[PDB]
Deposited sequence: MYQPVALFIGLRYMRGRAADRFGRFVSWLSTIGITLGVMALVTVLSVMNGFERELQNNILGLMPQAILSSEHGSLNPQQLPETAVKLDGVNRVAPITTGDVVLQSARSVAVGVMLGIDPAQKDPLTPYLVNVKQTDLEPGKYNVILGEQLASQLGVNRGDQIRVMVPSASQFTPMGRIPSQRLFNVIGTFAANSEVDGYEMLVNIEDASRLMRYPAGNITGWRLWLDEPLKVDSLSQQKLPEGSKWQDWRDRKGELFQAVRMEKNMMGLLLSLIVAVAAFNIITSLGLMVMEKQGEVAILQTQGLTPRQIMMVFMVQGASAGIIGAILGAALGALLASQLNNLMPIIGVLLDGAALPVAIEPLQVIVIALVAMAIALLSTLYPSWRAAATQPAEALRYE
């Protein structure tokens, strides 16, 4: 007894043979959708956990985005810190960058240079080994090499190098003489990442590249994985936008493609569960033809008997997707909380997880949408046929 005559005519049809096995068959589609969603959520959460660690060890230790000038360097007077109010930015600091080439007494190497102000903080500050950040003073030409960069260069504290800038070489008319200086190291920094082989920190004031201006402003990002969306906003005039998609442009594009491939592979469970609903409803339509005819005779329009079977699939899909999302948000969190009940892998790395609230909702909504879409044909076939001319 419900005000909506459509729902009361189907609620009693969701389980009529009370038995230890008969009731189980009616919940097969819900179980399948729940499994497909709980498997789609956990694996993609684990991939998001890998992606977060990769971003926090590469993008979080390198300049995510820089605002420069199209005519080479950018004068801070013409564009101070007050003139930058771009969206998604939480910190702006002057910096100079360049792909410089090393020159030691034993070998040579390459690497990007980060000329920063010693007064301000840097993301690489905590990963310093017996080095004071204030030692980077202008004129002294001090430099801090990477842990994996100095190890292969055979350079310890108190040595000298001949850092050269080929990109910003002073193209004199008498051929080509590259700009170079003599930097003295003061120690190494160990960040336990991949940036310890091509990154070195120097003072912001350096004429080794060009000109007392800077190349640009390094700006931080709260979500550095959506630069392609922030790269089209209204920038200040006479300025250019650069990001990490020039150096790490294929590594993080690989992770998104791998996540899309894994999600497409795992979506086959939901796709098959959708076919299970089609089968379970086509079986119910052909078995309840007399009931459909009697409802049609009693005054139920075909558009109502269509929704009678539409809800039979919609309610199963919704209750499967919600349960699958709830179980996937719990299995990933408790993957190794009490015990590593995974069939413990031979990695010993404390497998990370990262549950994205928006992704879980998107997955649960796509599951409901496909469950509702798969119901159209079985519901339409239950109303397209003649009510009385077919059976009675």
message: Checking coverage: what stretches of the deposited chain sequence are missing C-alpha positions?
response: 1, 213-216, 398-399
